[PDB]
Amino acid sequence: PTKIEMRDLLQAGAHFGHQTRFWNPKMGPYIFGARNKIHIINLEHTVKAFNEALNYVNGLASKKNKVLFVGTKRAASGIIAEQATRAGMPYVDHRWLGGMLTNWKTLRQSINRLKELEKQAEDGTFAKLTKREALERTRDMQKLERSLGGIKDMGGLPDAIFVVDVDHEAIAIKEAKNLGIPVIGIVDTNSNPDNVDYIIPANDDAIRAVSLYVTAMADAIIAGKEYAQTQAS
Amino acid sequence: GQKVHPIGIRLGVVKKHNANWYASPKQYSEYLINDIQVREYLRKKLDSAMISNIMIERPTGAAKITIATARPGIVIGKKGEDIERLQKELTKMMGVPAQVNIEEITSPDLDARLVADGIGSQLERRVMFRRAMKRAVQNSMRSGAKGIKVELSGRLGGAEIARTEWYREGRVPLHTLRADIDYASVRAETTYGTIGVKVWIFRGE
Amino acid sequence: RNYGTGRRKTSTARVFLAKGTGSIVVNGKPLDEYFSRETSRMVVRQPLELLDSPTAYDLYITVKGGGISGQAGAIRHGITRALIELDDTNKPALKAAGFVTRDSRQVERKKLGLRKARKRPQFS
RNA sequence: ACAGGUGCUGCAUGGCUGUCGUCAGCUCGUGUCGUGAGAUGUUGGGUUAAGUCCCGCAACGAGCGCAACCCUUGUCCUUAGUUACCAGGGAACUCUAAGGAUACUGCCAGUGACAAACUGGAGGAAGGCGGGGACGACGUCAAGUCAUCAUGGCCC
């Protein structure tokens with residue numbers, strides 16, 4: 001499962017772009033055309049871009065590397081959550097806090113605070129707390145976990161970032177370029193394709209299409225994990 | 001000047017008076033006048049040693065003064081030779097023979113008076129105030145604490161226009177009554193004028 | 001012999017309610033003789049007539065402290081505390097009348113720099 | 001030798017105080033933006049007594065301020081009953097003075113972004129900060145004090 005076919009992408013609607021007014025002139029090369037005033041993505045370049053992309057995460061999964069899944073749009077809010085835990089990889093789905101990576105040294109405390117609130121809630125430390133006060137601590141934990149749910153077990157910077165709708169997650173791209181960690185992103189035909197090492201021209205607004213990309217990444221990173229366990233004995 | 005003494009505002013909630021005697025209103029004044037006289041004398045005759053807290057509780061007749069220094073060996077001396085000559089001296093200006101005992105300071109860095117005296121001594125010895133102020137902050141935090149605020153007021157650096165420089169590190173929440181804050185305001189008689197030294201040591205609620 | 005403890009700004013009133021004709025005796029003296037204030041008389045006898053039973057219970061009140069209208073409020077509160085003893089169905093009516101609440105109002109202390117609790121020494 | 005000086009300088013100072021103002025503000029670390037001074041955080045939608053709280057948000061957090069911890073009053077319980085009290089010597093009650101209970105938007109109905117919150121209702125002595133006090137952020141006014149005291153310099 002390293003070569004995604006062209007047929008399912010067309011079935012899921014990975015070719016529909018955006019209006020012929022919002023497009024980025026740097027998006028020009030791999031655009032098939034403009035029907036009914038909508039840009040059509042050239043799938044030949046998409047499927048080739050995936051094949052290089054899935055061949056990248058596979059090498060990372062065979063080297064116990066850690067790739068971060070980034071997506072906070074409605075079309076990619078939940079799907080990032082389940083596919084990441086299937087792959088056992090960090091994710092961000094609610095909002096990319098400004099400075100998740102460049103200011104990673106400061107976020108240690110917030111994650112450390114979150115881990116502390118989990119340990120005290122396992123054995124049970126609410127007996128010493130009042131009715132309202134325990135809920136005050138409980139409400140803090142859910143808010144502090146809602147923002148940092150996938151990166152609580154990240155432990156250092158990732159060496160690869162998977163973003164969907166590069167236009168939406170512009171802050172993540174700017175942070176990644178600052179730190180130099182490669183980013184494998186999905187660009188619609190309105191976004192900036194620069195500062196993205198492994199480009200994936202695709203429709204990032206369709207619920208079916210987004211799930212197809214993230215899952216195809218998920219099986220790929222899972223497949224490398226299986227191959228990494230063939231050297232234990 | 002708009003800040004209350006952080007020891008007097010805490011005298012009943014989380015602190016204790018360094019005096020524990022009951023006297024009648026006729027006799028209250030002469031005890032207190034005698035009580036204050038002990039403090040002034042003991043603060044000069046025992047200046048070499050670093051003394052922070054002197055509790056003076058006098059039972060019926062006697063008086064159990066309890067100094068808390070960080071150098072008991074030089075207050076006591078060889079087999080208590082120096083404490084005894086002080087025993088016969090404190091009684092001379094007080095009533096019947098009063099016993100004096102010494103308490104030990106495990107950490108001579110969490111007491112505001114001890115920290116303040118060190119800064120006061122350093123300013124006396126022609127030390128730049130910036131380094132003296134910063135070091136005392138470093139020592140107190142490394143000695144185990146939850147907050148230090150040290151403020152130096154006067155002609156810092158021998159300048160003509162006085163100014164206040166203060167370096168805070170930690171919490172030191174003065175408005176919390178259950179804070180256990182050690183405070184001390186000592187002075188530094190330099191060659192260009194008195195320099196005030198104020199130290200706050202927050203050591204946990 | 002239901003007992004109620006009545007309190008007002010500085011007066012504490014103890015009442016001993018008992019079924020009888022309706023006589024009220026305050027500090028061993030009749031209510032009219034003790035209270036020359038018609039306001040105080042009405043305030044003392046208000047809860048009894050509120051629920052349509054003025055001449056049903058004999059009262060023995062012993063007041064202390066406070067003033068001539070603070071004692072009336074203390075007696076009213078104590079009479080409420082005593083009426084709620086025999087029957088719990090009168091408590092709704094007395095609460096709706098506002099007699100079950102002990103007035104926490106007190107003379108506010110004089111403040112330094114001030115001439116009274118709040119009066120200030122006029123400036124110009 | 002000196003002591004002594006309420007002699008001078010508060011515009012050489014320490015300590016203490018007023019004041020804006022018990023106003024809700026004042027900053028910092030890291031990150032990011034800008035050549036830079038700087039900005040962001042701290043703004044926006046609400047909301048609040050409050051930079052109070054929630055949600056958004058290149059910010060993520062923290063500190064001093066707000067609030068709470070303290071005193072007093074408001075109801076009740078417990079120990080105790082003299083020099084206090086007096087329902088029937090009594091150990092009931094008032095009182096006295098130590099330790100506690102209660103109050104938490106806890107419950108209901110609505111509005112409100114599926115929120116913070118707000119509006120009313122029950123119970124209760126007390127309802128939303130129950131009433132009052134203490135506590136006065138960074139700083140401002142070269143504010144006041146050399147005559148409480150201490151103190152550099154000057155002077156007798």
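Residue numbers start from 1 in every chain, and the chains themselves are labelled A, B, ... in the order their sequence lines are given, proteins ahead of strands. Just so you know, these numbers use all the heavy atoms, side chains as well, and skip hydrogens, waters and symmetry mates.
- For C:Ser104 and D:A125, a side-chain-to-base donor-acceptor distance below 3.5 Å is absent, hydrogens and geometry of angles not being considered.
- Phosphate contact (OP1/OP2 of D:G29, side-chain N/O of B:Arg168, threshold under 4.0 Å): absent.
- OP1 or OP2 of D:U94 lies within a sub-4.0 Å distance of a side-chain N or O belonging to C:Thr5.
- Aromatic ring orientation, A:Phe69 versus A:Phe162: tilted (interplanar angle from 30° to 60°).
- One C1' atom belongs to D:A87, the other to D:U83, and the distance between them is 23 Å to the nearest Å.
- Rounded to whole angstrom, the span from the CG atom of A:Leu135 across to the P atom of D:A116 amounts to 10 Å.
- Between the side chain of A:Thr102 and the base of D:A58, a donor-acceptor pair under 3.5 Å is found.
- For B:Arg155 and D:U13, the shortest distance from a side-chain N or O to OP1 or OP2 is not below 4.0 Å.
- Phosphate proximity of D:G152 to B:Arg187: absent, as no side-chain N or O sits under 4.0 Å from OP1 or OP2.
- Neither OP1 nor OP2 of D:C64 sits under 4.0 Å from any side-chain N or O of B:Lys3.
- Note on A:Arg95: a side-chain N or O is less than 4.0 Å away from OP1 or OP2 of D:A58.
- Comparing D:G100 with D:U72, their P atoms are spaced 13 Å from each other, to the whole Å.
- Distance noted for atom P between D:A147 and D:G10: 12 Å (whole Å).
- Atom pair B:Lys44:NZ and D:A150:P shows a separation of 15 Å (rounding to whole Å applied).
- Contact between the side-chain N/O atoms of B:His175 and the OP1/OP2 oxygens of D:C66 is found at a separation under 4.0 Å.
- Residue C:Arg81 is classed as a sugar-phosphate contact, given heavy-atom separations below 4.0 Å to backbone atoms only.
- Between the CZ atom of A:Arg132 and the P atom of D:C53 there is a distance of 13 Å, given to the nearest Å.
- Ring geometry for C:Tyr60 versus C:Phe16: interplanar angle of 30 to 60°, hence tilted.
- The phosphate of D:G18 (OP1 or OP2) has no side-chain N or O of B:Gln2 nearer than 4.0 angstrom.
- Nucleotide D:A87 holds its P atom 16 Å from the CG atom of C:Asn2, rounded to whole Å.
- Within 4.0 Å (heavy atoms only), B:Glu169 reaches no atom of the nucleic acid at all.
- A negative value of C1'-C2'-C3'-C4' puts the sugar of D:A147 in the south, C2'-endo-like family.
- Look at C:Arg102 and you'll find a side-chain N or O under 4.0 angstrom from OP1 or OP2 of D:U75.
- Side-chain N/O atoms of C:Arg14 and base N/O atoms of D:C93 include a donor-acceptor pair closer than 3.5 Å.
- Atom CZ of C:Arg8 and atom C1' of D:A125 are 14 Å apart (whole Å).
- One interatomic measurement links the two molecules: CG of B:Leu177 to P of D:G133, which rounds to 17 Å at whole-angstrom precision.
- Between D:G153 and D:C8 there is a Watson-Crick or G-U wobble pairing whose two distances both come in under 3.5 Å.
- The side chain of B:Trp166 places no N or O atom within less than 4.0 Å of a non-bridging phosphate oxygen (OP1 or OP2) of D:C28.
- In this structure, the CG atom of A:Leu97 is 13 Å from the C1' atom of D:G41, given to the nearest Å.
- Here the separation of D:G128 from D:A117, taken at their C1' atoms, is 12 Å to the nearest Å.
- Here side chain to side chain donor-acceptor pair (under 3.5 Å) pairs that include residues 67-78 of chain C, with residues two or more places apart or in two chains, are C:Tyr34-C:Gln71, C:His77-C:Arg81.
- Using the Watson-Crick or G-U wobble rule with both distances under 3.5 Å, D:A98 pairs with D:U78.
- The interatomic distance linking B:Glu165 (CD) with D:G139 (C1') rounds to 14 Å, in whole Å.
- A sub-4.0 Å separation between OP1 or OP2 of D:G61 and a side-chain N or O of A:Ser110 is present.
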Could you give me the CA-CA distance, side-chain angles and deciding distance for B:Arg163 and B:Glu165, then say whether salt bridge (charged side-chain N to carboxylate O under 4.0 Å, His left out) is met? CA-CA 7 Å; B:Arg163 46 214 171 70; B:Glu165 312 256 9; 2.4 Å; yes
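- Within the 4.0 Å cut-off from OP1 or OP2 of D:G56, at least one side-chain nitrogen or oxygen of A:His94 is found.
- Remark: the C:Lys111 side chain and the D:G133 base include no donor-acceptor N/O pair separated by less than 3.5 Å.
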